[PDB]
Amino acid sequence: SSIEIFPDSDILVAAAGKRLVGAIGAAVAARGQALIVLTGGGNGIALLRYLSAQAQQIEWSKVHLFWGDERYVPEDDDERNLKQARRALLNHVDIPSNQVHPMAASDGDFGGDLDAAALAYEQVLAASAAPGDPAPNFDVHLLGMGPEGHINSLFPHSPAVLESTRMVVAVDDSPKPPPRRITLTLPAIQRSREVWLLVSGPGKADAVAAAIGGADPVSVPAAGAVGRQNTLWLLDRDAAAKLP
């Protein structure tokens, strides 16, 4: 468990970027694949653009991509985490499409049955896992965090953050638009070897401090965002200002 502080989000993003490049290379060398969980949010998307500039250092044929959450809106909508990832990275690197695993869109197979869409993604994770595991042991789960400490689409005092069995659940009721999302749960996040939170800005500072101070994840979800081998808070100065 570590905190690394940078002057701003640009430097933060580039630092995460080079670290992920090494993390991917390491995972390929040891295991012949790198299992990476992507996030939406400005820092998450900027990190993807960084990877795009380094594409030559990354053996894309061996990279496998999942999402921590997704907005349940139409496929071509700008609020889609997948679409933003496509523009930032996917449309311009040679990753095999059968190794890219997106969550469903609202105009896909499942309509109003959001639970079915989450369960479908869960089946995908189970299939992607090593034998006998509910999901991959993700090399890196990337995260942003909202001003209230939410990660993926796991909000304070929500049914989604209380989930202790399912890898993926429906979020019907997000207090931040769009209202419907599909999300990985804390147990899913906690399978990751490493979890990295990329958090910048004075609006996130109080939540950061409470999360690092050991708050109940039902109150500050980011507190449950803990990797099996490490947990890396990558912060700008403003996001760090309330730490002791």
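Residue positions are given as counts along the sequence shown, with the first one as 1.
Judged by mean Cα B factor in the deposited record, 126-134 ranks above the other of 96-104 and 126-134. Comparing 109-117 with 143-151, the stretch with the higher mean C-alpha B-factor in the PDB entry is 109-117. Take 184, 45, 63, 212 and read off each C-alpha B-factor from the entry; 212 has the highest. For residue 190, the recorded CA B-factor ranks within the middle third of the chain. Only modelled residues enter the ranking. Ranked within its chain, residue 161 lands in the middle third, by CA B factor from the PDB record.
In the deposited entry, the Cα temperature factor of residue 69 sits in the bottom third of values across the chain's modelled residues. Residue-level temperature factors show residue 31 in the highest third of its chain, judged at the C-alpha atom.
Among the modelled residues of its chain, residue 171 has a C-alpha B-factor that falls in the middle third, as given in the PDB entry.
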